[PDB]
Amino acid sequence: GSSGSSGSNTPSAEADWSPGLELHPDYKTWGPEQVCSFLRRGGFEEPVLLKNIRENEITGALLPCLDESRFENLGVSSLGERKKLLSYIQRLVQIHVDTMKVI
């Protein structure tokens, strides 16, 4: 077999910590805080979107509860955005509190 590969660029930071490690397993207690970060992981970085999260105390337990119309009121007034967000939150509940667990 073929083995061997040289070539590496210079790093930027060398520490034992990162701005993104993981989140709490109990999304039910994510509150308006974690939720404001969860969306950021999907690609959504809108201020109005994360703003409503604190204005409505939106929590992880409510994430899967909100629907298209809801998101449209939370600031996600976009046919494409919602279409993505809706499917996004789905990837959460489908994993969290699921009979099957995986790292």
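Restricting to the range 1-54, count the residues that are among the hydroxyl-bearing types (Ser, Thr, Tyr), closer than 24 Å to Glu72 by Cα and either more than 12 Å from the chain's Cα centre (by Cα) or part of a loop (DSSP other than H, G, I, E, B) (or both).
So in the range 1-54, the residues among the hydroxyl-bearing types (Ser, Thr, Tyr) come out as 2-3, 5-6, 8, 10, 12, 18, 27, 29, 37.
Those left that are additionally closer than 24 Å to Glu72 by Cα: 27, 29, 37.
Among the residues that remain, those that are also either more than 12 Å from the chain's Cα centre (by Cα) or part of a loop (DSSP other than H, G, I, E, B) (or both) are: 29.
Counting residues in the range 1-54 that are among the hydroxyl-bearing types (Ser, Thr, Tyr), closer than 24 Å to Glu72 by Cα and either more than 12 Å from the chain's Cα centre (by Cα) or part of a loop (DSSP other than H, G, I, E, B) (or both) gives 1.
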Legend entry - Sole exception among (1) in contact with a helix residue (DSSP H, G or I) (Cβ under 6 Å, 6 or more places away or on another chain); (2) not in a loop (DSSP other than H, G, I, E, B) for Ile58, by number: (2)
Inset, instruction - Enumerate the pairs (first residue in the range 76-103 and among the polar types (S, T, N, Q); second residue anywhere and in a loop (DSSP other than H, G, I, E, B)) with beta-carbon separation below 8 Å, excluding pairs fewer than 6 apart on the same chain, so at least 6 apart or on different chains. - result: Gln90/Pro64
Legend entry - Count of the range 71-80 residues which are under 18 Å from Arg91 (Cβ atoms) and of a type outside the set (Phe, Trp, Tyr): 2
Inset, instruction - Six or more apart or on different chains, Cβ under 9 Å: which pairs go from a residue in the range 44-58 that's more than 16 Å from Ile89 (Cβ to Cβ) to one that's part of a loop (DSSP other than H, G, I, E, B) and not β-branched (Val, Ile, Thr)? Could you list them? - result: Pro47/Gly75; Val48/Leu74; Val48/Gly75; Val48/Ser77; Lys51/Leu74; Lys51/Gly75; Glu55/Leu74
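Filter the range 8-60 for residues that are hydroxyl-bearing (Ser, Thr, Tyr) and surrounded by fewer than 17 Cβ atoms within 10 Å (Cβ to Cβ) and give the result.
Within the range 8-60, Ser8, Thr10, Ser12, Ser18, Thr29, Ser37 qualify.
Of everything in the range 72-103, what is outside any loop (DSSP other than H, G, I, E, B), within 21 Å of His24 (Cβ to Cβ) and of a type in the set (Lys, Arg)? Give them in sequence order. First the steps, then the outcome.
Taking the range 72-103 first, the residues outside any loop (DSSP other than H, G, I, E, B) are 72-73, 79-93.
Of the ones still in play, those that are also within 21 Å of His24 (Cβ to Cβ) are 85, 88-93.
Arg91, the sole residue that qualifies.
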Inset, instruction - Quick one: in the range 61-71, of everything that is crowded, with 16+ Cβ neighbours inside 10 Å and not in a loop (DSSP other than H, G, I, E, B), which residue is farthest from the chain's Cα centre (by Cα)? - result: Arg70
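FYI, it's all coordinate maths here, none of it is from the lab. Cβ: placed from backbone, ideal geometry, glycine included. Neighbour counts: every protein chain shown.
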